[PDB]
């Protein structure tokens, strides 16, 4: 009747690494990816840092034409998805392609393309807008491109819950396999919104840190936090039914056991001040997984480094899980990957379970006095992690929590 759901591989491009080995190395050792902005001229901006991918392995899978067929938002998903397929030793050729699906979340899609073609419209007129603008820009197209690359004829969609997009995507694929609609899913998220428009937009909202020191801008839970630092990239996971994974002899890396999604229905960008909605989302994940709060050995926080977010998030972790469970935010390393956050953080959490190590929150040196969660900083912590959760809480009130079980 119900299926267990297993992770058999994943792939990633991020500001701290473009392979599994490099990614985990950064997390284990403490190599951050925040630095000065180089993708555009930022002299008139108040923000001067971001977590860029400054070594994208374009030549591994793409040729020169591909920089024009695809916006970066699609390029990152495609790279990560191929890496995930390779990592899983998945042979696309031997699958029932009708039971093989794709979900690629994105917050904003090909925003660089939109911005550039809008400007070109106003200055040269409509006969001059490029024919593939919308195929490259629309937020659903990455998922279609991934489906085309691997002949996935099953489910194909995108999901948008802003910062929660990837968490909900994985939860959705999770539910899809658990209830027998698919046997294999490539799922995750991608974002490439380090652009003048997207940065100006979050700057106008006051959500971005203006701190000049790149070692001090993304400091989740810290006393002196003053906004997030935008990152970019993609993470993609291969999920399978346990049955399907075991019937081809896959190496199983981990298991997805719980998913909870709620809505603050409070305010458009401001999170609930005591994390009321987050509280319910964590409980729903634990309930589906049928575990108790005490079994949660690690929490990968949303932890964006905003004054309001960590107040309520700490408050919510404490009310459900207590003040002993280790908590860290890797947005201190990767920046805030927006719609890709969840995907990359699911990988962080899976790697943490496999390597018996809670990565630290980088940069953070002193936590606010009202924050009661056991925020890990200064150095990560060695321990057994049988179960873990990863939080995301987007603009528009979207709360999403994933619960994972270590594979034994």
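Positions refer to the first chain, counted from 1.
Two stretches are in play, 199-207 and 123-131, and the higher mean C-alpha B-factor belongs to 123-131. In this entry, 242-250 shows the higher mean Cα temperature factor of the pair 186-194 and 242-250. When the Cα B-factors of 214, 235, 139, 231 are read from the PDB record, 214 comes out highest. Out of 165, 300, 145, 292, the entry records its largest CA B-factor for 292. Among the modelled residues of the chain, residue 70 sits in the middle third by CA temperature factor in this PDB entry. The deposited CA B-factor of residue 330 belongs to the lowest third of values across its chain. Per-chain ranking of the deposited C-alpha B factor places residue 273 in the highest third. For residue 361, the recorded CA temperature factor ranks within the middle third of the chain's modelled residues. In the PDB entry, residue 7 places in the middle third of its chain by CA B-factor.
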